[PDB]
Each structure stands twice: as C-alpha cells, then as structure tokens.
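Since the structure comes first, as structure tokens, the remarks are kept for the end.
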Ligand SMILES: NC(=O)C1=CN([C@@H]2O[C@H](COP(=O)(O)OP(=O)(O)OC[C@H]3O[C@@H](n4cnc5c(N)ncnc54)[C@H](O)[C@@H]3O)[C@@H](O)[C@H]2O)C=CC1
C-alpha cells in the first residue's frame, strides 16, 4: 500500500514557524513566479551563467527564476534545506528547488544545486568545482543569504545575530500572529558582543570570501557582476535597520563591498553592489512581531495605490531596470534601489498614521492582515490555486543534480 509512504500535508504552526510544507503547492508557487516572468517578457543583456547563494526561497529564489526564465541563464544555486522523508515534509526551500530543477530542464536550462552551509570553505570549494566542471565561469553572483547564525569558517566560533537597538531601549509595537493581538514590547540595547556578532552574521565578510574564493579559481567572467540584497526601510523599523545591530551589519556591508569592488575592478573591470529591496512576507516574518503589523499595513496601503508586489515582481524589476538595463536607481552611497514604491512619502505617511490607530478590534478594518496570513501560508505551499489539498502526496521529493554538502 502506497498509503503507508504518502500523507495528507496540512499547515502545522509552532512558535510563529510553519513546520510543514506542501510539495505540490511549492511547485505551483514556483510555477506562478515563472509564469509572471515569462508573461512580463525576456530581459536582454543579462548574465548567462549565474551563481545564487541563498537560492531556495524568497528573494534568492526570485533571482534564480528571473535569471533563468527572464535572462535565459544557466543557474547554480546554493542553499541549506531539509529533504523530505516518510511522515516528515521537508522544508519549503527543498520543494521549491525540486520544482525549479523540474521546470528548468523542461526549458532546456542547466540547473544544479548545492545543499550545505554556504559560510563554510567546503561548500565554496564544491561550488567552484561545479562551475569548473559545467560552466567554466559565472557572469553574476547573487548573495541572498538570511540566517540567524554563522559558524566562522576559520575559528569555528558560532556567531548569533541580534535584533536590538543601539544606545537606548525602544518600545516596538507588533502583531502576535498566534494570539492575533496587537502587542508592544521593549527591546533592550545591544551589547558590543551582540553588535559584533550581528555584523559577523549579516555583514559583508562572507560575501567577500565568496568573491575572493571565486576570483582566485578563475571562475568569474570578464565584466562579471555581483550584488547582495538588503533592507533599509523607513522610520517605523529604523531603530533596528538604520541605527540598530542590523544597521551596523548594513554599514559593514557598505564597507566590505568597497573591498569586494576593488577585488573585482582589478579582475577585468568587474563590480560589486548592494541592492535594496522592499519588505515582503518571509518565513521568519511572524517571529519578529513588528513585521506582521508593518506588512499588514503596508500591503493595504500599497494595494490601494496599485503598487503591492512580492519577491518575483521586485527582483524582475531589479534585473530589468538596474542590473541589466539603462534606467537604474543609484542612491548616494552607490546602492541599487528597488524599494522606492515602499518608501513613497505618502505611503509611509499613511502607514505611519495607521500604525498609531490600529488596535486589537480594528485590525481587519485598518490592515490587510488577511493578505499577510495568506501570503505567509503561500510560502510553504498552502492556499495555492489549482492544488488539491485532499490528495495524498509522497513527502520524499527528490532533486537531480543536487550536491549534498
Ligand atoms: N524578507 C524581506 O523583507 C527582505 C529581505 N531582504 C534580503 O533578501 C535576502 C534573502 O532574505 P529572505 O528572502 O528574507 O530570506 P529567506 O529566508 O527566504 O531565504 C534565505 C536563503 O538563505 C539560505 N540559507 C540560510 N542559511 C544558509 C546557510 N548557512 N548556508 C546556505 N544557505 C543558507 C536559505 O536556504 C535560503 O535560500 C537577504 O539578504 C535579506 O536581507 C531584503 C529586503 C527585504
């Protein structure tokens, strides 16, 4: 009986985390992003050999889809995901990458992936090995890792990032998605150890190590390009992402890229940049209580303006407008910007006006909490059109050309 090896997969939410994922819905969600890109049309003069570090979910997945199905690129992806097994759904990123390989092959595009710790030297060497064997060199490197922790590749020290202000404690309003209550909490200021640890995790060092390992091995093409994704946001989150521990990481990202840019400028006129994207629902969003509230408000306001977007819309524009086109958004430090619709003065004024009016009773009248919840479940393959959620599936979905680290 195949029933022993198959199961009906439903969302299981534990501690603001969805701990299941649906393979059919994840495939459909990837196909929806592919179909957005092909519907919008191809992107000319893009890279044709692309390495995406953090390629399995969110903005890195969107870059992989944009490069492959927008620019026609062969893509090598690096990620850290859990395969499925009987009775135990794997992570959404695993099923997303299975669907990506499936659809890439259908269109005669190369798709190989590496599963393991991208902060390690071992994974960097496996990645170099793949490029040498298959592509020769890569034209473009997307750096799109998000992790709460980094094991230093030389010392073994485990660094943990912190989400805290610097200087004074701050009161941050938020939304508890389990209890569905508006809830303020006070974050204490970060110690210097927390600051240094957060720079080590979310700063630019590992990005630099990647480029330095790749340039040394000759697998970066002439005219190569690399970008790292980040968020800056506006006043509502600024205590954390401007002036807080994470802001220190974005500073160190701004300064480490100067070094990376110098390394690649001497390797035949290459370049390195920081790309700033808009806030989206991601799998970590519910665990940071301010983000569900901010997103629920932002979604409603931007939907009223016709400007609401998610990952694939954002990254397709980044590629078309800035990474490959002639109408870029450079900011004063020399960053590429895709977040300009989120930072519209009137949107921000409206969100900030609503931020102070939302209460437990008008949540659904003042916010798009409905949309937040739907987009959150969608990440894990739940609530997707065309999917029969009553049908058994085998959670052990396999991936060809998956190198396990
Ligand atoms: N979520 C958001 O609202 C925004 C995110 N960003 C940036 O986009 C990038 C991706 O963030 P998200 O899409 O939010 O997160 P995500 O959680 O969707 O994806 C993170 C990626 O990193 C991979 N990863 C994590 N730890 C790894 C490790 N040790 N080794 C290898 N792969 C590992 C995951 O497998 C996945 O591919 C980040 O640089 C983030 O700062 C920028 C603007 C807003």
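Numbering (the entry's author numbering), first residue to last: -5 to 399. Each residue gets a CB set at the ideal place from its N, CA and C atoms; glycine is no exception.
Using a Cβ-Cβ distance cut-off of 8 Å, the stretch 197 to 215 and the stretch 244 to 260 are in contact, since at least three pairs of beta carbons, one from each stretch, lie closer than that value. A straight line joining the alpha-carbon of residue 315 with that of residue 57 spans about 14 Å.
Residues of the same chain with a CB within less than 6 Å of the CB of residue 221, apart from the 5 flanking positions on each side, are 267, 269 in chain order. Checking the DSSP bridge columns, you'll see residue 1 partnered with 387. With fewer than three CB-CB distances shorter than 8 Å, the stretch 318 to 325 does not count as touching the stretch 375 to 386.
The beta-carbon distance between residue 93 and residue 21, rounded to whole angstroms, is 4 Å. This is short enough to meet the 8 Å contact definition.
Taking the C-beta atoms as reference points, residue 272 is found nearer than 8 Å to residue 335. Uninterrupted alpha helix (DSSP H) stretches at least 4 residues long and entirely within the stretch 15 to 56 occur at 17 to 34, given in chain order. In the DSSP assignment, the residues bridged to residue 331 are 270. Annotated as proximal: residue 399 and residue 116, with beta-carbon spacing under 8 Å. When distances are taken from the beta-carbon of residue 48 to the heavy atoms of ligand 1, the shortest one is below 7 Å. Per DSSP, residue 125 lies in no beta strand (DSSP E) and is assigned neither H nor E.
With a cut-off of 8 Å on Cβ pairs, the stretch 210 to 217 is not in contact with the stretch 174 to 183, counting fewer than three such pairs.
For residue 226, there is no enclosing alpha helix (DSSP H), as DSSP gives it neither H nor E. In the three-state scheme derived from DSSP, where H, G and I count as helix and E and B as strand, residue 71 is classed as strand. Cβ-Cβ distances below 6 Å link residue 329 to 268, 270 in the same chain, with the five nearest sequence neighbours on each side left out; the list follows chain order. A distance below 8 Å separates the beta carbons of residue 43 and residue 132. A distance below 8 Å separates the beta carbons of residue 165 and residue 180.
Relative to ligand 1, the nearest heavy atom lies less than 7 Å away from the CB of residue 138. Setting aside the 5 residues that flank it on each side, residue 30 is surrounded in the same chain by 306, each with a C-beta closer than 6 Å to its C-beta; the list follows chain order.
Assigned with DSSP and collapsed to three states, residue 165 falls in strand. For the set 5, 368, 286, the Cα lying nearest the Cα of residue 83 is the one of 5.
Annotation: residue 358 to residue 342 spans about 19 Å, alpha carbon to alpha carbon.
In this structure, residue 283 places its C-beta atom within 8 Å of the C-beta atom of residue 169. Within 7 Å of the C-beta of residue 318 there is not a single heavy atom belonging to ligand 1.
Counting only runs of 4+ residues, the alpha helix (DSSP H) found wholly inside the stretch 88 to 124 occupies 115 to 124, in chain order. Sequence-distant Cβ neighbours of residue 13 in its own chain, meaning closer than 7 Å and more than five residues away, are 6. Residue 112 and residue 72 have their C-alpha atoms spaced approximately 7 Å apart. DSSP places residue 358 in the uninterrupted alpha helix (DSSP H) bounded by 357 to 360. In the displayed model, residue 218 falls within a strand according to three-state DSSP. Contact between residue 51 and residue 9 is ruled out by a C-beta separation of about 19 Å, above the 8 Å threshold.
In this structure, residue 45 has its beta carbon at no less than 7 Å from each heavy atom of ligand 1. Contact annotation, residue 275 with residue 136: C-beta distance approximately 20 Å; criterion of less than 8 Å not satisfied.
Listed in chain order, the non-local C-beta contacts of residue 263 below 7 Å within the same chain comprise 217, local neighbours out to five positions each way being set aside.
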